[PDB]
Every structure is written in C-alpha cells, then in structure tokens.
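Here's the structure, in structure tokens; my notes come after.
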Amino acid sequence: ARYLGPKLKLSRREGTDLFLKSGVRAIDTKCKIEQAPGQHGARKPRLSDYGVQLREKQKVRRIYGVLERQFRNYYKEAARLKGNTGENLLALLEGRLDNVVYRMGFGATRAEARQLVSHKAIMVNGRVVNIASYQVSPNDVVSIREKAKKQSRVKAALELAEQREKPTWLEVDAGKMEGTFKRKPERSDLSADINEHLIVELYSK
Amino acid sequence: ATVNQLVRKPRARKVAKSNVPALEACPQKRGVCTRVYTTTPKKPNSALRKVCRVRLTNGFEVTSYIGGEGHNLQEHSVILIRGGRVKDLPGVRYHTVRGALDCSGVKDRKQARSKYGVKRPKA
Amino acid sequence: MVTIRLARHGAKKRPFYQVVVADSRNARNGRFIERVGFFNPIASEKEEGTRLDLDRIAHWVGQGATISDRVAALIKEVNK
Amino acid sequence: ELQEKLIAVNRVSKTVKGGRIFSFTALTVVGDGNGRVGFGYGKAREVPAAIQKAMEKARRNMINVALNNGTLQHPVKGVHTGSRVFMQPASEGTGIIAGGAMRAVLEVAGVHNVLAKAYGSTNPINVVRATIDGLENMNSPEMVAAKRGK
Amino acid sequence: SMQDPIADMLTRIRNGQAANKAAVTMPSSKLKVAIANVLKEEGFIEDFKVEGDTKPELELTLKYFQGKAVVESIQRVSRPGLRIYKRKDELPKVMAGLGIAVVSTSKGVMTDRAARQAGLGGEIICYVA
Amino acid sequence: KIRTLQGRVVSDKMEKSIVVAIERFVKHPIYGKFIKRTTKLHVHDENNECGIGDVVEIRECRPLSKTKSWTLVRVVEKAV
RNA sequence: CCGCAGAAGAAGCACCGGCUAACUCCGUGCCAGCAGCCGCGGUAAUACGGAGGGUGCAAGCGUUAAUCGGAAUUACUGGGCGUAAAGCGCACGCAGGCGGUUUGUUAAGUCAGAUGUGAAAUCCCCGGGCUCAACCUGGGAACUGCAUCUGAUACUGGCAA
RNA sequence: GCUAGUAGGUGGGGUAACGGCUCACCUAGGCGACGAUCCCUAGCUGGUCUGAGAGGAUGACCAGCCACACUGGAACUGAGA
C-alpha cells in the first residue's frame, strides 16, 4: 500500500523522526511525539530482542518506500554479485526515482517527493514518466518540465533544500530545475544508522 | 551399514501420511452428514464438543469436529471439510470449515470474516 | 522437410523474429535445425538483432531451402 | 575494550522438605575483540543481580585468537555433547554468518565474517563448550612456522 | 599379520606419538619408505632407516617439537574394499593453505600442492591439515 | 580404428555357438565401489571348439541369427 | 500525445498466552467457545466474546491441501548397536567381499593429453532492448557427462617368478 | 524356479534392409538369486520444484521423443497410413 495515514504518530514509537512532515516541524512541535501510540494497547517497557530485530529490518525498509518483495529481490542480486553484499543492497535501494528527487530538494517530505512523481510534473531526460521507481544511474539528467516550473508546490520545497546539505555525488541545479545524477552514491557516510550484518543474518535461513 | 552392505541393500526410505486419513485430493471436499453427536472430551472437566459422523463418498464415515457458535445444520447436509483437527478430542482426522453450501456465516463473528464465511459488516 | 523461415520468439505484441532453418513437420517454434539469423521488423537498435550469416545461407540453400520475402529483400541491404 | 552481554537467565528448583527454592542463575557472554573464556552462574534473589554476579565470574580468564584479517584460515572442528559445531572460511564481502548461540560468541571473538553451522542437537549450555574447542584447533602462522622452522 | 598394511602403520604411529615414543617399528613395504620423506621434510621425524633382515621393517624415529607433534586430521580413504581416485584439480584443498595430503600420482608419490600443477591426478590415501 | 571386446567363453556345447560372459568394471553410482557385472552375449564361433575361460575378441556387426550381432574375431587364448 | 473539470471515483484482511513483533476495558464463567503444537476457560481471562486500542501485510489478506527444506531424524557427503532403538544362543562353511612380502611383465582399473559429442530451451559470466519493472534479448562460459583416438606406469587389478 | 521357433545349426522363403521375421529338417540346448519367472504401479526425456551442496521430490505451460483416436480386428494405394 502507499499508506495515506497518520505519518507523525509513527515517530512516537520509531524513537526517530525519519522525515515525517518536515518543513516546519519535526519532534514535539504542535504534535505529541515520543510516546506510545496506545493508551495501553501498547506502552513503554524494557523491549524484547525480537522487537528490535524486526523493527530495524523495517527501519531500512521504510525510508525508501519499498514493499515486502522488492527489497528481498535486491538482496538476491547482491548475494549474486561477488562484491560486497552489504554495500550492493543499499546501492540498489537508492536507485529508486522517489529517493533521488528528494535529495535534489524536490519535495520537503519523503512522501511529498514521491507524491510529485505521481502528478505529471516529473520527467527524466527527454522521457516523460509517472513511475516512482526507475533505473537511475551515473550521468543521467533529472529534469523538471514546463508546467512544473509553473507549479507553486515545487518552489515551496526549495525552502527546505537550502536547509539540507544535498549529496555530493550528484550535481544539483535548482536555478533551471535540473541536476544530474553524475556519479554513484557514497555510503561510506550514510551507514551511520545502518548495520548490514544484522539484517542479512535474519534474511538467511 | 557397511558400504559393501549398502551396494547390496540401500537405505530404507520413509513414507508419507497425514492428518486427513488418505492425504485426500481436495483441501475442501463436500461430504454428506450421517448425524451429529456431542461427546465430552478427555477428563470429566473438559466442555462438550460438537462432533459428527460424516457420510463421505469415499466410504469414510469418520468423525469431524464442528467449530463455530453452535450450528443450524441438518443431519444429511453437505459440509466442507477443513481437514484440521482440534487436539482435546481423541481420534480426529477432520474439522469442519464454514462458508458455502449448507454451512454458512455464524452470528457475531463478523470480526473473523475469513473464518466461517461471515461477510464484512457494512455499518 | 526443412525450410528457411522466420520464427517468432517474441512475447505478446512484441514481434522479435529469428530466422531459423526449421521443419514443416514439426514447426517454426518446434524442432529447429539451426538458427541462422536474427531479424528486427521493427528495426530495433539492440545488440546484434540482425544476423543472417553468409556461410549457411550459402550452403543449405546449395542443396535447396528457400528464404522469406523480408530476407530476400535484406540480402541486398546488407550488400551481401 | 571489554565486551560482555548475557545469554541465559532462569531459576533452579531444589527441594529440602517441601521447598520450591527458586534461585536466579544464568549464562553470560565474555569477549574482548579477541574472545575471552568464562560463562558463570550467579545465584540471586532478583533478576538483576542474577546476571550481575554471573558476569563477574564469566570474566575470569581469557583465550586467544586464531583469525587473520577477521576470519579463520582453516576449517576446524570440536565436540561437546550433541552440540557439534563446525566452521569453515568466509570471504570478505559478506556479513556475519550464523544464527543460534553461535551468533553472539561469533562476534565477540573478534570475528565478523567467518562461516558457521552446528550439526547435531544444539544444546545451548554446551555449544559454547564446543566452540572454544576451535581455539585449540588452529592453522594460524605459528603452525606455518611449526613445519618451516620446525 | 596385516591385511591393509598402511592402516596398521598410522595406528601405531598416532598411538605412539601420544606416548611420545622414541621410535616405533612395523613391517615396511615400498610405500612405507616413500611416505616417510614428507614426514621428514615437514619435520615430524628426525629420519627413518629400513633394517632389511628376515624382512624389511621401518624403525622411524619420532620427532617432537617440545613434547608434541600432534596432527589434527586423519583418514583411511583409499584402502582395501574402498580404493578410489580423483583427477589433478580434485585433489583436496586442505587447511593451512600449505597442508599436505599424500597422493600417489602416476609416476611417484607426491602430495596435493606439488601434485596439482604437476598435471597429476591419483588416489589420496588420507588427508592431513 | 576398430573395437574388439574381451570376453570369456563359459558354456560351449551347441554347434557353431559359444556363450561368453564379459566382465567389465561397473562402479556403483552413490557408493562409488567397482564390481563385476557379468553380462552374457551370444557369440557365433565359426566352428565351435571352446569351453570355459577362452579369452576371445568379438565385435559389433550385422546379425546372422536371432540374438546375434557378434562374431569371433580371434581366440586370444584357451583355457579349456 | 494534448486539452477538460474536479479529492473528486478508488482499502481491505489477519493477528496481538509461549514458540513469535504486537493489550486494555468490559460480558461470559472448565459453560459458551478457542486451539499448528505446547495448550486455554471452574465469575478480578494480555489465550473465550464484544468494544476500544495496538501490530503485521496490503488490492489483496488469511486458511487448507500438496512437495522439498529445516530434519545430519535413512546418514556416499552425513548415523547407531554394554545399559537409551539395535549384535543371530554358539560354531562350521559355499557363493561374495577382503589379501604379507620381493622381483619381472601387462596396462584392464587407474593417471595424462587429444577428438568428437554433450539439441534448442534452462542456469551462470559478461551485456544490451522495451516509459521502469514484469517481460524481451546478444555473446561467452557452463554443457559436471559419455564414446573414440594416442600416450603414462606410481598406485589397483591380471599374468609370471 | 523359467523356456519349444525355446536355444542353436543347416538349408528354403520373406522384408527396403540385418534378423527364427517365418518355415522344413537337424542338434538338445538356452535362461536363472550379478534376481529369471511372476506380482503391484507408471507414458518417457530435456528438464521442472525445492535445496548450500549432495540429494530428494517431480514431469503443468515450452521443446523433443513415444503412444492413442467408439471397441476389437484387418487389409488397400503410396517414398510415406
């Protein structure tokens, strides 16, 4: 499913925000965040092992918007390559169009970044798409269209873009609403909350 | 055994057999009913469980536990075998699924809609 | 009996044809004798979608076996 | 730097006339990025000090590596009960292989990428006692010296 | 006396190795001679001498590092009633990466490492780490 | 070149025919142990004179009688 | 591919006692019923029923049947037999399996190489083509194998001494 | 425990071709526990599924092979039924 529900309520028991309605707000601003989303359908305790072990598996899973199947499949291409299995996986996960656009400042929210690509206002190269996954690669060209240098939603997401460092492996152009995905990601510096060893144990039978 | 012994007689192989009494050939088979009975399970403190001989076409007149909240069945009626069992009854091979045919959605289990053939409620 | 022929291996509403020497007592998708070619009717730019050999379209046509109209018209346009 | 965690934690029943006699004992994890030995109990009357005293006593003694560059060079075997536990090499470009009790001791022993599996019954109490039987079976460079120098 | 010669050899070798014996003896044959070189070169025996009498016998002198020469791997592989063979690249890739494994080749008796790129397959009688 | 196959007579009585049993090393598949899996074939002697243990050369050809396809090509040696 | 209004027309299904992530309040009271297994309920049920809430999956979700896996629990890889399941009550011996030690010979087993062949499809290695993906596809390797042709003689077997 | 064109040999005949395929005569052999004979069940294969592998299971679509067309039997023309 694409969700469509109460973003920030998740934050509470996520114990992290991970970009839920970022633009003016984050934790404990006009919202009740860092609680438990139950009265006593769920409330804080010591935590189980297996809790953690499931939660973190979903941590990595949710900040791309990938379904059940997909992320496993990426694992079946990684453990088919003779290179690093850990690296490869997070490499394939960032090939999704929706993730790339957010990191070119297009969308102030992860959900919003993916809700751009939906309405016809995106394109890649001279090709028009409306597909939230694509093959994104070195020296591609991320392109805004005509009647998307016209929408007042897009502009209103450049605000936050001035407030996020933006990656160094892509050119980013907001002045003509382009930017190229000129070279491969670095994850020498995004594995900072990601322990690959954990998840790949679990996936294994 | 010795490799020379195995060359002459390779290892015996296990066989396959299941909870349903023949491995059937359906997951759901329509069987007719002989009569519904009600035994008490093992121990004199276990609650009475609604059982029934079936009148299968296979010539298996065996005994099926009947779930849900009571029933509205008649004793010649044509029911879908789950092929579960419940473990407090002795000697069980079958358990009855509900939804379709004579057996249909039990009352106030619109929460377990997948079970029993209860539609989603529309309130 | 064996003949030069084309032979779909495309999926639905994809016309990827392969020129085979194949039987008329089995089929164009059945028992092959051999491939001999690839052909695009749509003239795709993929890696080697057009092959048609020189050597077997000059040896099994020696002892006879006829080709197809696109092929006939292709002998000239690869200037073979 | 010191590494320690816990494994089991439980209680024991004994009887003395009509006793139920619950006394909180446990198994714990010891290592140091090299591996250490020790795994003791510590009787207690509360769940926190059952693991507390258990770790005191499980800090006793150390045992050395046989890895080079994060992994063992050699497949080696030992035994203790039906816990039979084997390993073999695992090349670089992999994560940390194996679940069960041999997940946690197969990190703390300085290793992060080596193959493992356990044949037979896994009896957690003594898979531990079969895993350290591999730090006596080693093809570390001193053995290369023990054919070339010796 | 012996039906599988070599099995009797190794048995009395490990049995004696552990008791740190000075030497043990058992009836020699051709092969028993040819093996004792690898044990001698890698350093597990001082030397070995065949005193031809009523019969050849191998009184091989047992070497010790410092009260040990313990070896962690052994088998009876190609032996009576189960003689078997392997080709030149199907030789065992044993521990240490430098480990040994007596193989008779098709010209002599060598070992896995040499034997490999020597083009030479053969029966492995055993395997060592 | 040609192929001639080493059999041993082990039943000669009938005129102009010798029964041979051919023992080749058959290996077990799963347990990898060689064994003698003897197999009679019916060889035609030009004149019967054999018996028991006579190594011979046979070879594959046309039949001459029913269950034939074999001839005597040479008697390596005799043992009757 | 262009235009046209208008969030409009587009969420469900199971589960939350332990294995196993995910509970409260009521009603019921070893009854009703629940239940893959271990097992639940005797009127203050995290296990039954409803409600509230919580959890996992999502245009599907859950249940069953069925096959392999886990199960190295039929074991060549990879199993036991004093007492846990298993050693005939004990000898003899035919077939079968097995053969001390040295030399000569042979090359069948065996080792090496060569050559065919090992269908297409399928796997993999490398690489493309469809708006992506699904799907489509090129070339290489694999095709573990088998027969054939020629050599090798350490071991295994035959023969001779 | 099995086998009378049964096992084999001559000479006849027949097939597109090799063959007891069939016959006349002649010999009395042949086969078998390395499992004959008989009994149960099944189309077979590339492959397929699962599985670390070995293995087990399996044979759907797709390709190849084989077999069958109301039942049984039979022949005709033809390179081909």
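Its Cα centre serving as origin, chain A has a Cβ charge dipole (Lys and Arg +1, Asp and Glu -1) of approximately 840 debye. Over chain E, Cα pairs under 8 Å with separation of 6+ residues give a relative contact order of 21 percent.
Quick one: net charge of D:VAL47's neighbours, Cβ under 13 Å, K/R +1, D/E -1? Charge balance in the 13 Å sphere: +4. For D:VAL76, the residues whose amide H sits under 5 Å from its own are D:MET87, ignoring neighbours fewer than 5 places away on the same chain, with H placed 1.01 Å from N. Computed 3J(HN,Hα) for the stretch B:13-18, one whole-Hz value per residue from the Karplus formula 6.51 cos²θ - 1.76 cosθ + 1.60 where θ = phi - 60°, is 10, 5, 10, 10, 7, 10, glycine and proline marked x. The packing ranking, built from the mean of other Cβ atoms within 10 Å per residue, places the peptides C:23-33, D:86-96 in the order D:86-96, C:23-33, highest first. Computed over neighbours whose Cβ is under 12 Å from that of D:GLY70, the net charge equals -2, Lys and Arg +1, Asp and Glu -1. From the convex hull of the Cα coordinates of the protein assembly as shown, what is the mean projected area in square nanometres? If I average the Cα hull's projected area over directions, I get 62.7 nm².
For B:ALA1 and B:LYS87, the FRET efficiency from 1/(1 + (r/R0)^6), where r spans their Cβ atoms and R0 equals 35 Å, is about 0.35.
A cut-off of 5 Å between modelled amide H atoms, ignoring neighbours fewer than 5 places along the same chain, links A:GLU94 with no other residue. Computed over chain A with a Gaussian network model linking Cα atoms closer than 10 Å, the most mobile of A:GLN151, A:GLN163, A:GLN39 is A:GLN39.
Within the shell defined by Cβ-Cβ distances under 9 Å, the residues around C:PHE39 carry a net charge of +2, with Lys and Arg each +1 and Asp and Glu each -1. The modelled label-to-label distance for the pair A:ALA156/E:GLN117, using points 7 Å beyond Cα in the direction of Cβ, is 7.1 nm.
Between amide H atoms placed 1.01 Å from N, distances below 5 Å from C:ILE4 occur with C:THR66, all of them 5 or more places distant or on a separate chain.
Pick from B:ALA25, B:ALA12, B:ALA100: which is most flexible by mean-square fluctuation in a GNM of chain B where alpha carbon atoms under 10 Å apart are linked? Ranking B:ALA25, B:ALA12, B:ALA100 by mean-square fluctuation puts B:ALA12 first. Under 27 Å Cα-Cα from E:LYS63, which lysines qualify once same-chain neighbours fewer than 8 residues away are excluded? Excluding near neighbours in sequence, the set is D:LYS77, D:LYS147, D:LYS150, E:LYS21, E:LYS30, E:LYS32, E:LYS40, E:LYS49, E:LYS55, E:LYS93.
Any idea what % of Cα-Cα pairs in the stretch D:18-147 are farther than 24 Å? Summing the P(r) tail past 24 Å for the stretch D:18-147 gives 34 percent. For chain B, pairs of C-alpha atoms spaced more than 24 angstrom apart make up 40 percent of the total.
Because the Cβ atoms are built from the backbone with ideal geometry, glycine has one as well, and the counts that use them run over all protein chains shown. Read the figures in this text as sums done on the coordinates, not as results from a lab.
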